[PDB]
Amino acid sequence: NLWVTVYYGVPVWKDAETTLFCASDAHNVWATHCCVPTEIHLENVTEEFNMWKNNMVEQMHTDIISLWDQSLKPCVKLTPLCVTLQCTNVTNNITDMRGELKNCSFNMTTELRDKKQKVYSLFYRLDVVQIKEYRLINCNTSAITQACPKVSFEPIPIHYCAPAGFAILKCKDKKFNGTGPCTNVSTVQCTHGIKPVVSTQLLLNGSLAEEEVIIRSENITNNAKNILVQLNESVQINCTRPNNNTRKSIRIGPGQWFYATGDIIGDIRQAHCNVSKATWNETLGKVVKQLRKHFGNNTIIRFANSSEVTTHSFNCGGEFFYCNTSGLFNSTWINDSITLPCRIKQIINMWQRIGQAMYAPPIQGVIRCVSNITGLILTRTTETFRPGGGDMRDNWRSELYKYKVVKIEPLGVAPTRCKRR
Amino acid sequence: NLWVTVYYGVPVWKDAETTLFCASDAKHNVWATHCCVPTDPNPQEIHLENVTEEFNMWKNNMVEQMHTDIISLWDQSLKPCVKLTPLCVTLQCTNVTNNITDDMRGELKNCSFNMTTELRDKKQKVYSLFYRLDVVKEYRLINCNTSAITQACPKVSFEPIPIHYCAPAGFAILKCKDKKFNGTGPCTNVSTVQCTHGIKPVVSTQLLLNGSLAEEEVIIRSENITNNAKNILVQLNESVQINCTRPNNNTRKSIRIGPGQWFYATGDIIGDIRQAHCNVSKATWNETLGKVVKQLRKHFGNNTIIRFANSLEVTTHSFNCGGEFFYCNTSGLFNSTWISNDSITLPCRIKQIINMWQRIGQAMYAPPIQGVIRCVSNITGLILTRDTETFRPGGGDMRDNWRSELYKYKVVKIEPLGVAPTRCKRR
Amino acid sequence: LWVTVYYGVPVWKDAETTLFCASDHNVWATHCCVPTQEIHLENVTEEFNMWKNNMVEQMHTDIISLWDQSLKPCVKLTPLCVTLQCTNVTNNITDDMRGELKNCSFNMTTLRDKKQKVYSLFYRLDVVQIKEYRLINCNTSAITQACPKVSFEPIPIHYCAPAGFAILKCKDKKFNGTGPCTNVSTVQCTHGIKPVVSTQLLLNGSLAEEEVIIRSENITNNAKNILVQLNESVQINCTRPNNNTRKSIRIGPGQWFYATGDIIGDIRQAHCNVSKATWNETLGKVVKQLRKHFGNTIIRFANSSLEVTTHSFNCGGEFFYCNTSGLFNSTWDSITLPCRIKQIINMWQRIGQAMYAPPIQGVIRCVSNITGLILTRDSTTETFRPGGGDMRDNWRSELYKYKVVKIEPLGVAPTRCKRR
Amino acid sequence: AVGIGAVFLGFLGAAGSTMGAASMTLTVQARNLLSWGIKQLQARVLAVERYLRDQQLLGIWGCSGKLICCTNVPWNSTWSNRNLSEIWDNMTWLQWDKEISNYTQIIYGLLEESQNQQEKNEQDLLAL
Amino acid sequence: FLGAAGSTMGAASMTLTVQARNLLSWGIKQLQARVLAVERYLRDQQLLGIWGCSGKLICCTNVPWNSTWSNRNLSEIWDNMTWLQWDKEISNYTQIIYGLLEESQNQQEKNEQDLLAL
Amino acid sequence: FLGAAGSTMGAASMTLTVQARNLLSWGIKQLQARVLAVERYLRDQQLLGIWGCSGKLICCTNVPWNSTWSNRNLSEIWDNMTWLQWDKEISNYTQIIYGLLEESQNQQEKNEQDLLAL
Ligand SMILES: *[C@@H]1O[C@H](CO)[C@@H](O[C@@H]2O[C@H](CO)[C@@H](O[C@@H]3O[C@H](CO)[C@@H](O)[C@H](O)[C@@H]3O)[C@H](O)[C@H]2NC(C)=O)[C@H](O)[C@H]1NC(C)=O
Ligand SMILES: *[C@@H]1O[C@H](CO)[C@@H](O[C@@H]2O[C@H](CO)[C@@H](O[C@@H]3O[C@H](CO)[C@@H](O)[C@H](O)[C@@H]3O)[C@H](O)[C@H]2NC(C)=O)[C@H](O)[C@H]1NC(C)=O
Ligand SMILES: *[C@@H]1O[C@H](CO)[C@@H](O[C@@H]2O[C@H](CO)[C@@H](O[C@@H]3O[C@H](CO)[C@@H](O)[C@H](O)[C@@H]3O)[C@H](O)[C@H]2NC(C)=O)[C@H](O)[C@H]1NC(C)=O
Ligand SMILES: *[C@@H]1O[C@H](CO)[C@@H](O[C@@H]2O[C@H](CO)[C@@H](O)[C@H](O)[C@H]2NC(C)=O)[C@H](O)[C@H]1NC(C)=O
Ligand SMILES: *[C@@H]1O[C@H](CO)[C@@H](O)[C@H](O)[C@H]1NC(C)=O
Ligand SMILES: *[C@@H]1O[C@H](CO)[C@@H](O)[C@H](O)[C@H]1NC(C)=O
Ligand SMILES: *[C@@H]1O[C@H](CO)[C@@H](O)[C@H](O)[C@H]1NC(C)=O
Ligand SMILES: *[C@@H]1O[C@H](CO)[C@@H](O)[C@H](O)[C@H]1NC(C)=O
Ligand SMILES: *[C@@H]1O[C@H](CO)[C@@H](O)[C@H](O)[C@H]1NC(C)=O
Ligand SMILES: *[C@@H]1O[C@H](CO)[C@@H](O)[C@H](O)[C@H]1NC(C)=O
Ligand SMILES: *[C@@H]1O[C@H](CO)[C@@H](O)[C@H](O)[C@H]1NC(C)=O
Ligand SMILES: *[C@@H]1O[C@H](CO)[C@@H](O)[C@H](O)[C@H]1NC(C)=O
Ligand SMILES: *[C@@H]1O[C@H](CO)[C@@H](O)[C@H](O)[C@H]1NC(C)=O
Ligand SMILES: *[C@@H]1O[C@H](CO)[C@@H](O)[C@H](O)[C@H]1NC(C)=O
Ligand SMILES: *[C@@H]1O[C@H](CO)[C@@H](O)[C@H](O)[C@H]1NC(C)=O
Ligand SMILES: *[C@@H]1O[C@H](CO)[C@@H](O)[C@H](O)[C@H]1NC(C)=O
Ligand SMILES: *[C@@H]1O[C@H](CO)[C@@H](O)[C@H](O)[C@H]1NC(C)=O
Ligand SMILES: *[C@@H]1O[C@H](CO)[C@@H](O)[C@H](O)[C@H]1NC(C)=O
Ligand SMILES: *[C@@H]1O[C@H](CO)[C@@H](O)[C@H](O)[C@H]1NC(C)=O
Ligand SMILES: *[C@@H]1O[C@H](CO)[C@@H](O)[C@H](O)[C@H]1NC(C)=O
Ligand SMILES: *[C@@H]1O[C@H](CO)[C@@H](O)[C@H](O)[C@H]1NC(C)=O
Ligand SMILES: *[C@@H]1O[C@H](CO)[C@@H](O)[C@H](O)[C@H]1NC(C)=O
Ligand SMILES: *[C@@H]1O[C@H](CO)[C@@H](O)[C@H](O)[C@H]1NC(C)=O
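Residues numbered from 1 in each chain as written, not as in the entry; some residues may be left out. Chains lettered and ligands numbered in written order. Heavy atoms only, no water. Residues with missing side-chain atoms left out of burial classes, pairs and counts.

For this deposited structure, the header cites cryo-EM as the method used and 3.5 Å as the resolution.

The PDB entry lists chain E under the name Transmembrane protein gp41, with Human immunodeficiency virus 1 as the source organism. As recorded in the PDB, this entry has the title "BG505 Boost2 SOSIP.664 in complex with NHP polyclonal antibody FP3".

Per the PDB entry, the recorded name for chain C is Surface protein gp120, and the organism is Human immunodeficiency virus 1.

This is the structure:
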């Protein structure tokens, strides 16, 4: 003779997809976006996680693309530059690159409808396509928009926070490989501080593994999938563009300005990155040991050069570097440094789209940055692995793999011995 | 001694005007990307016994909502599209004389012009064919003065699909099921529905296409039938089938006019050149018109004489067919005198620059459609005006095309709170 | 005693929130699409501070946003940023307007493959020499023509609190903008403020109940403005005497430019009339209540040292820049102030935007009330100068008596009561 | 109650039924009330505001949590001088609502006053 | 918050003020989040109200428990299982139970209205 | 509405209904204001509910008054003071009292269930 009793505030939940909002630790595009300023252990909860079927990654990806476009939307367009250029090579003080820099002159608009001006600027070879008669790339598909020089795209930590009624569960299993049950689950309000760093092949400034190198994949036997390798120790990489650049601001219209690369002071030298050699050899040895566990006890593993996918492709100081990683991925496993040459581009077709293009104003001075390699993206009777990637969602999966969003459903019933009357 | 007792959840309502949302069934269509809520496969309807409700078509806010939504979607879909401002230049035009039949003499022009291109320092010589109705040997496009012309994006479909208008929480839609219902008046067979039947947002003049049919007899409806200032909508008992075609085999000439900016021009016709036309079954039309007359005779006198006569977008039958825009001559249909006691061919014109709702500065350029176009459609109703008496195929106010489908629906607000006396006192 | 809990308690704290606008082709009439009570609080003493009042900041967010929205969907005049071939108007000048009006011709766009020669009149303030001239603002920003069908005439508007908030009003006739106030009442909306935009003189505002009330954030600080409210108005009437016409030029596909056409009748200088005694009594009253802060001494009024140095206002549809040097002149039947008129207006002290005010046809005459002054200060003697700029001080002068508070109707107290 | 579980009439099914019958379907009517971008948010916000305004009103009268609430305000013959058998057995709620539309402000004010007095009286008795 | 989630039902029932008080508190994403929290909150509070449990975290009803829904005794249900487990065990009977609770309240309210008539 | 603000607590407590009725009733800012009014309203109602005072403007609880919070006599608090003053005075105890109110109700609610079972 038991009766139905209704309980509200019950600790029960279901998997869910919702809208997360961004918080931050209190100009920069994310600082403006992440307007909200900024852990409970569940003693006997086992929960199932799956980083490959997550929604947080899709939502983060969407927010980044959207914010990026919003940032460029109000900036001056460079459609006045889709004219024929007269380009010759820069020959002064060139070390040995040769055809990388060109001195281009052209007929451009002015603030008056009835007046024209002759200007010149330097361009990188990769941004200019030959028809001495040249034009900028694109100008056929997409218009080029100049990024505002006052807007910062420096990544800052982003904290995704649950809306009321929802919670984020975090997996603390030290060796969690992205899927399946996790026995160390805690509840959090915000997903830690994650930096939206954009690169391919080598993932910079992410989280480190705590005990060993961890290799994660959707299907380890499916050669079509990317393998995300999380390192337990970082590898330091020192990148620079040694040339002393200047900038010329050209009025192109009524309050509209174009930023052109001006004369380079001193020698023209190649941009490059210095990877510590001993650290790199130890790093791969650890990766290989963990790979052998999946590819065979006596399987020989070799690394090889890949075939804006084959390059590192990262944003350093605001410039876009396309470094040659073939200097790293070349070995067989059964004070020195590795110098990787880097190409520089100003016209960027970002996020694998072609209907839009950005022009990055040149940055004056000399640029240097030092970054932490925290993980690798690899693609697959010996085995050979190559760098891969380019799909940005796979970078974000490396930081959000331990989080899951659930909906709280605090209402239910159970039998007991009381009657209402 | 009676006391006030409060009841919450009381089944009452008041007439109200609110915003309805669009639902669609489980289908780059302009409606499909708007009517994002899937409808129920087995939708709810509740019959209300002993409820008499007064319905009024000309006070029905659902029509204004639909009209407004149509304009909004059509204008919104043209925002992210190529503008044709660069075409408002002088053109050099001559007549097309290649294999033209007599019915098409003078209908097509061959025009050349100096167009923009990828770079600002370059120009190109291009040419295209135009229909006579779209141009002013020195020609201009017909509407460049106090206007802008926007090319509709070729990927976007404007094909009508069934649209369901559904109530928000707190509201309900009441439906009149009286088979004889003629508007403005009480209905004794009222049911509550979650939302309307699917309505196809077909845009046309004079003849209503692909709508509902009357259950038993032709129904003549108007706000005030003796008033010549009001239109008469006629809902037919059976459909009349009409076969429309654009027999010429067209091609599409794609011109790059800027950095990803494309213009789609009409290219040369393959095969010979013939006039567009519609085939209306003749026997059906005669009988159909006779049915309308029998009902008209319930008004204006039992023994009188009824005549039908004819009256661009108002005097011709305007409709979309395959994405193309037709303007057909209906004088071949509205030509009769009725007294007590195989097919008709309607020639049609084609027009490419479109001003859909009595507006001047917003013109759309319809891209040419490759191949040959054939449409089969149902005439489900007529729009008539009144001057022995004479009726004519008037129209042009698009609200009438929606008023004819939404006539049986009313929106009310649910107000579930009230009081009544009883023998109960709070302790 | 036991804890007891009450809900509906009359308690509030200072708060900053969004207010909505109510009104009893005008831009405020269109925006404030809300239709239009007072409760006295007998023993409530409340603390007010007009210099830290968020309602002021809200008006200087709403007025600007509305202004910019209204001008957004209008014809841009970018096609006019050409070199003009331009000379002087010399006919019917009768002095004091020599070189004031320019007669400019230029090559304008129209089909895309055609051009036209047009001409128009301009005031010299809008034209810069580069006989080659440019519009003054084409070097920095595109000029947008205001839509002629849109009225920017100020109408009274009311700021209303959202549910849960209340506006408290100070009734102390001697209130100087800060500190405690007795006789506080609760209202749902403000009294109706006309958003008149002007410099130096505050037109068509409220009057003081008595005398002259002189308010400032710090009276001894020369870096602060002094806002002076009068209890009597000074009647001022301004005219643009010329009979003007418009020349409507099509510049593109339904895009019209409204140019000044020509002048019918003689050409005359714009001007404003102020009565002599009214002004003399007004300044004497200001001095009488001003000495109270400085000692009994010489108080001098002197002139200013375009938008700030002249009295800027919108008369009818045209922007006047009047010379007040003959108004503020004293060491303690009428006088006139000569005026200039400009058509390219840079509002709210921004430089990245410019508006072209289309010409007004006919003759403009406006009659208005001076309700207060903006003065600055900068030895046994001192000098007061007309001030201006910022434009928030123009609203502080009406909003000084109001504050917004948030009601928090929940709390506890001890009592002789237990459950069951 | 029989077979698998309870069944109910549909929303407004009782609209044409008399008050004495329709009063038994209050749980249907009270259940179905629980449900560009700016337009949809406005529609949702409004539905919530309307809902809460009615719940607020029931609470201030001491009727929160009940679909049927007896009160301490007597019925005036001037609001409606009618027999209960006619009201409950021979009339619908739509008809009743039309007849009592000029007295609802009066009734609501009386209900608010009665509840305020009752809560004070309860506090005074708990105090003993 | 969810700290009691791994505990048995008989333990976790004492932490219901928590996750009650914690359930309600580019652009429009934040409005959508605020509106959603409110709408969900009200659907649950109003559902308790229609069942006659307004204002309570724990309410007794007049609906008997059917051994079909669950044939376990109280010792297993309250001492061995947690709330997530229980929710799964009777998930397919939830709608039946809710309908019965609404029916029960409707009958109770009518009966109280009649007793108050005496 | 706020006229009672100038009266003592013992008088103002008789005008609670008049305030409760006034708590409810680009363009985004006005939509945000409407949403906030709803959220604030519901939060206050949630607290009254969780403390066991749902539906009441005046209620009593079983949490005793602590002389630390206030050492005044009732003849001073209710007769010679207003609510604005009282609120300014009890500024360091609001959160403490609220936590105690939730704890008391949770214990009372469990006790009610155990009693109904016997
Ligand atoms: C990985 O994290 C490191 C920091 O640990 C990032 O390096 C830092 O990058 C910022 C932005 O590029 C540099 O700030 C700038 O410094 C120059 C002076 O050289 C100054 O003129 C600018 O106004 C600005 O403040 C910062 O100095 C630099 N820190 C170091 C140690 O070099 C690195 O960029 C991150 N990697 C990636 C791929 O994002
Ligand atoms: C009235 O309803 C009828 C039937 O739904 C409509 O006719 C259909 O119209 C569509 C769109 O014009 C035709 O689809 C096209 O068919 C060609 C066939 O080669 C295909 O290549 C296209 O991609 C597209 O799928 C459909 O065939 C046609 N059906 C018939 C029987 O002709 C009619 O258009 C509606 N009338 C009005 C005014 O809306
Ligand atoms: C201070 O308030 C007075 C009203 O008490 C304002 O005077 C009014 O100003 C408007 C705009 O200048 C005048 O409107 C125009 O009137 C002419 C007819 O003369 C009409 O053709 C126009 O279409 C327009 O409606 C209005 O007549 C005038 N009222 C009076 C009684 O003269 C004054 O402008 C305000 N001061 C300031 C600085 O705004
Ligand atoms: C619609 O109205 C009719 C009366 O016009 C209702 O008929 C009554 O139904 C009850 C059901 O218990 C019978 O006891 C009465 O004898 C019937 N009256 C007559 C005159 O036959 C009918 O129930 C109403 N419909 C609804 C849904 O309430
Ligand atoms: C990067 O520069 C720092 C400067 O102190 C140096 O210590 C470090 O070894 C360099 N790293 C590499 C990989 O060369
Ligand atoms: C590295 O790969 C590229 C293709 O991405 C190929 O052209 C190049 O020759 C390769 N170099 C070496 C050393 O394998
Ligand atoms: C086409 O021919 C007609 C006569 O049939 C003539 O009037 C018209 O001007 C011609 N049009 C052109 C473009 O030559
Ligand atoms: C294009 O411009 C040239 C300029 O000399 C002119 O001769 C030619 O006829 C124009 N062509 C067309 C098709 O308008
Ligand atoms: C275009 O010009 C013709 C005269 O050439 C005129 O009749 C017509 O009305 C004008 N169009 C508009 C929209 O004014
Ligand atoms: C409607 O059509 C049916 C056959 O479908 C026919 O029997 C009936 O007579 C028609 N109605 C009228 C008014 O003729
Ligand atoms: C429609 O029906 C109403 C019923 O009252 C009648 O008054 C009206 O005249 C009818 N109109 C037509 C055109 O049949
Ligand atoms: C209906 O039309 C007649 C003229 O045919 C007119 O006299 C009558 O007033 C109209 N009805 C109404 C309600 O105006
Ligand atoms: C229209 O076409 C159909 C076949 O699709 C045919 O059966 C019908 O008879 C045709 N009607 C006319 C009027 O030709
Ligand atoms: C109407 O038909 C007559 C022939 O009966 C014809 O002369 C007239 O031009 C036609 N008008 C229209 C607009 O079709
Ligand atoms: C149009 O002509 C092309 C020529 O290749 C042919 O393939 C196509 O089938 C024709 N279209 C029609 C509808 O006959
Ligand atoms: C227009 O351009 C021609 C080019 O030769 C020039 O001679 C003429 O003076 C210009 N007219 C004006 C008003 O600028
Ligand atoms: C306003 O009055 C207060 C009264 O305390 C005084 O402190 C303040 O200095 C006065 N300010 C001015 C400008 O008179
Ligand atoms: C205009 O101002 C003068 C100032 O002396 C005043 O006398 C006159 O009455 C004013 N005009 C009107 C219409 O009030
Ligand atoms: C977790 O489970 C263990 C038994 O495995 C039990 O002793 C402990 O009390 C449980 N912890 C909690 C928080 O319920
Ligand atoms: C009843 O409780 C006892 C406790 O030891 C358990 O062993 C038994 O399986 C339970 N039976 C049911 C039906 O739950
Ligand atoms: C304000 O204080 C006076 C003191 O004599 C008192 O008589 C009056 O009733 C109080 N006002 C209110 C609203 O309680
Ligand atoms: C509240 O009362 C308790 C009773 O045990 C006491 O311990 C506590 O110190 C009091 N609070 C304060 C802040 O004094
Ligand atoms: C607590 O009391 C101290 C001393 O009176 C005071 O300074 C502090 O502001 C009070 N705390 C709050 C929240 O007001």
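What follows covers the overall build of chain E. Helix and strand content of chain E: 5 helices and 1 strand. What you see in chain E, going N to C, is helices and strands ordered as α-α-β-α-α-α. Taking 118 residues into account, the globule formula puts the C-alpha radius of gyration at 13 Å, and chain E, at 18 Å, lies well above it. By its C-alpha atoms, chain E is 60 × 40 × 25 Å across when sized along the principal axes. Across the 118 residues of chain E, 51% fall into the buried class. Surface exposure of chain E reaches about 5,300 Å², of which carbon and sulfur atoms provide 45%. Taking the average place of the 9 positive charges on the side chains of chain E and the average place of its 11 negative ones, the gap between the two points comes to 12 Å. (Helix = DSSP H or I, 4+ residues; strand = E, 2+ residues; numbered from the N terminus. Rg over C-alpha atoms; globule rule 2.2 N^0.38 Å. Buried < 20%, exposed > 50% of the residue type's maximum accessible area, 1.4 Å probe, protein only. Areas by Shrake-Rupley, 256 points an atom, 1.4 Å probe, with all protein chains shown as cover. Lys, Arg positive; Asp, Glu negative; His and termini not counted. Charge placed at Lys NZ, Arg CZ, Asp CG, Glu CD.)

Another point: the overall build of chain C. Regarding its fold elements, chain C presents 4 helices and 30 strands. Along the first, second and third principal axes, the C-alpha set of chain C runs to 95 × 60 × 30 Å.

Below, the discussion takes up the state of the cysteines. By definition, a disulfide links the sulfur atoms of two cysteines through a covalent bond. Within this structure, the stated rule accounts for 33 disulfides over all chains. With a sulfur-sulfur separation of 2.0 Å, A:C323 is cross-linked through a disulfide to A:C342. In this structure, the disulfide formed by A:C323 and A:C342 twists by about 100° around the S-S bond and is classed as right-handed. Put simply, B:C328 and B:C348 are joined by a disulfide, and their sulfur atoms are 2.0 Å apart. Its torsion about the S-S bond being 100°, the disulfide of B:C328 and B:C348 is classed as right-handed. Exposure remark for B:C348: the relative accessible area of 3% places this residue in the buried category. (Disulfide = S-S within 2.5 Å.)

It is worth spelling out empty space enclosed by the protein at this point. Empty pockets left among the atoms are what a rolling probe the size of a water molecule brings to light. Considered as a void within the structure, the largest cavity measures approximately 820 Å³ in volume. Taken together, 44 residues form the lining of the largest cavity, with D:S64, E:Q46, E:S54, F:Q45 and F:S54 sitting closest to its centre. Secondary structure elements with two or more residues in the lining of the largest cavity: α3 (37-60) and α6 (104-126) of chain D, α2 (29-50) of chain E together with α3 (28-50) of chain F. Estimated volume of the second largest cavity: approximately 230 Å³. Lining the second largest cavity are 21 residues, and of these A:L203, A:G206, A:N395, A:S398 and A:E399 sit closest to its centre. (1 Å grid on protein atoms, 1.4 Å probe; cavity = no way out; pocket = protein on both sides within 12 Å on 5 of 7 lines; lining within 4 Å. Points joined across faces, edges and corners; volume = space filled by probe spheres on them.)

Turning our attention to the site of ligand 11. All names here are of chain B. The immediate surroundings of ligand 11 are formed by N182, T184, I220, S222, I225 and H299. Between an oxygen atom of ligand 11 and a side-chain N or O atom of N182, the distance comes to 2.5 Å. Looking at the shell around ligand 11, its residues break down into 2 nonpolar, 4 polar and no charged. (Near = heavy atom within 4 Å. Polar contact = N/O pair within 3.5 Å; in protein donor to acceptor, adjacent residues only side chain to side chain. Nonpolar A, V, L, I, M, F, W, Y, C, P; charged D, E, K, R; others polar.)

Here we come to the pairing of strand β26 (residues 343-350) of chain B. Residue and element names in this part refer to chain B. By the alternation rule, side chains of β26 split into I344, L346, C348 and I350, which are all buried, and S343, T345, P347 and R349, of which none is buried. Pairing geometry for strand β21 (residues 276-281) and β26, over 6 bridges, is antiparallel. Its bridge partner being in β26, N279 is matched across the sheet by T345. Strand direction decides the pairing type here: strand β24 (residues 324-328) and β26, joined by 3 bridges, are antiparallel. Looking at β26, one finds that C328 is bridged to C348. (Pairing = 2+ DSSP bridges.)

This next bit is on the packing of α2(E) against α3(F). It is the contact of α2(E) with α3(F), at a shortest axis distance of 11 Å, that shows an interaxial angle of 35°. Taken as a pair, α2(E) and α3(F) cross one another with a handedness that is left-handed. Residues E:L31, E:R34, E:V35, E:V38, E:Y41 and E:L42 of α2(E) pack against F:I28, F:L31, F:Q32, F:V35, F:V38, F:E39, F:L42 and F:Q46 of α3(F). Residues belonging to the contact of α2(E) with α3(F) are distributed by class as follows: 10 nonpolar, 2 polar and 2 charged. (Axes fitted to C-alpha atoms, helices over the stretch in contact; angles between N-to-C directions. Left-handed = near helix turned anticlockwise from the far one by under 90°. Contact = heavy atoms within 4.5 Å.)

Interfaces are often sized by the amount of accessible area the parts lose when they come together. Listed as interface residues are 50 residues of chain A and, on the opposing side, 56 residues of chain E. Taking both sides of the interface into account, the surface hidden between chain A and chain E amounts to around 4,700 Å²; carbon and sulfur atoms contribute 66%. At the junction of chain A with chain E, the criterion picks out 2 salt bridges. A salt bridge links E:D87 to A:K14, with the nearest nitrogen and oxygen atoms 2.5 Å apart. Those elements that provide at least two residues to the side of chain A that touches chain E are β1 (3-8), β2 (13-15), α1 (29-33), β5 (40-41), α2 (56-72), β14 (166-171), β32 (403-408) and β33 (411-416) of chain A. Relative to strand β1 (residues 58-64) of chain E, β1(A) runs antiparallel, the two being bridged by 4 bridges. Among the inter-strand pairings, A:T5 is bridged to a residue of β1(E), identified as E:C60. (Buried area = accessible area lost by both parts, 1.4 Å probe. Salt bridge = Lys/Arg side-chain N within 4 Å of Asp/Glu carboxyl O.)

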